[PDB]
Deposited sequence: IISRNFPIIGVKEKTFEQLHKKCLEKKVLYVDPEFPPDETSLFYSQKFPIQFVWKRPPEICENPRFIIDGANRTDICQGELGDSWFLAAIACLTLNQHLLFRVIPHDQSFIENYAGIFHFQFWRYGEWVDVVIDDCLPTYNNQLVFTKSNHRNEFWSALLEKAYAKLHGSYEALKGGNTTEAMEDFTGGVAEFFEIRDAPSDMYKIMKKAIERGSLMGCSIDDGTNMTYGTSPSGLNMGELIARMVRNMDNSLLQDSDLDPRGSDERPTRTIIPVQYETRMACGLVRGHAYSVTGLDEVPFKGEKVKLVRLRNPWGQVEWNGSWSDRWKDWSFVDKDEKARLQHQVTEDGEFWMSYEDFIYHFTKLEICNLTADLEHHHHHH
């Protein structure tokens, strides 16, 4: 069939913007169950200087919109902790300012092989803003486009409503997903999680809802990304910590080790820097290992295939 390269070249020669026949910018690509609201617009119509990737592809670029696909977004965020893996999914040679023909592509691991998914860059908007996933930088479009490509792989945006983080992790790595009930967690699980993150394995977690917020700042039935583990010295003892990211890009733990916790004052300025401590409402936060195990019920690890 026609490769991305073939289609891209063709559009450039005809000086036309690609329109995807198989996943067109209309209601069919949005939903399946019902017929029901959004204007489709390409990023150069949304803003004056759109960019595919600004300041690197990282986890601050993944902010959930009006679609319940946290399971997928938590996994993208995890993937950005591992830049060399990330660039297999997101081909870097793509631009709005050079050889632009309104066509992009992404690679996913599917039937024991990398498959290429091609999309046009039309995206759902309302009042000229993205309604679905966006970057916290208003001119950056890779994450919105990746979501679109993944929606195409599943037939519609609506098909991304509900899923398991481990499905996305496998689709991005070709690794093998493993589950832990935190209830049955062994004594050394801090160490297990630490070794996994250092190995570049993707890790997500959630609080089971038997399938809007909690007082402590956590969200039930919601995929979080595990983005770090570390030990800090605090009042003469070493304290084990866990870092998580809510793929909403906001709404955080408000307990100990949270952003605004006063007893951060007792931590040395260099240690703060090593932990990348920042008081910012970005969805990312430290919490104690002890509080983590106490609130979270499910931990999912995707182990990279021993090449």
Original post:
Which ranges of the deposited chain go unmodelled, in order along the sequence?
Top reply: 1-12, 49-50, 226-278, 375-382
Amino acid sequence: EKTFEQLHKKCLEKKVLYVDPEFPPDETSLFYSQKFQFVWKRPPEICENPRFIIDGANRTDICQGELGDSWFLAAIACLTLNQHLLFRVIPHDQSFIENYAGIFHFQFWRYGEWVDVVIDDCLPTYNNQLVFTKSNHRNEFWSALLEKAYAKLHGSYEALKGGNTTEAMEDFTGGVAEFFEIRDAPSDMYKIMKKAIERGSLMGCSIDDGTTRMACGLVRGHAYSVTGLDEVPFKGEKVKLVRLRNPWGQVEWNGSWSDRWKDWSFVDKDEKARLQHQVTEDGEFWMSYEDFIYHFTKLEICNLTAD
From here on, numbers count along this sequence of modelled residues.
Original post:
Higher mean Cα B-factor in the deposited model: 135-143 or 162-170?
Top reply: 162-170
**OP:** Could you settle it for me: does 179-187 or 216-224 have the higher average Cα B factor in the PDB entry?
**Re:** 179-187
Subject >> Of the residues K262, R243, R42, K240, the one carrying the largest Cα B-factor as recorded >> reply: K262
Original post:
Of the choices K148, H84, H105, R110, which one's C-alpha carries the largest B-factor in the record?
Top reply: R110
**OP:** Taking the values exactly as deposited, rank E27 by C-alpha B-factor within its chain and report the matching third: lowest, middle or highest.
**Re:** highest
Original post:
What third of its chain, lowest, middle or highest, does the C-alpha temperature factor of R51 fall into?
Top reply: lowest
Original post:
Lowest, middle or highest third: where is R59 by C-alpha B factor in its chain?
Top reply: lowest
**OP:** Could you look up the Cα B-factor of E281 in the entry and say which third of the chain it sits in: lowest, middle or highest?
**Re:** middle
Original post:
What third of its chain, lowest, middle or highest, does the C-alpha temperature factor of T211 fall into?
Top reply: highest
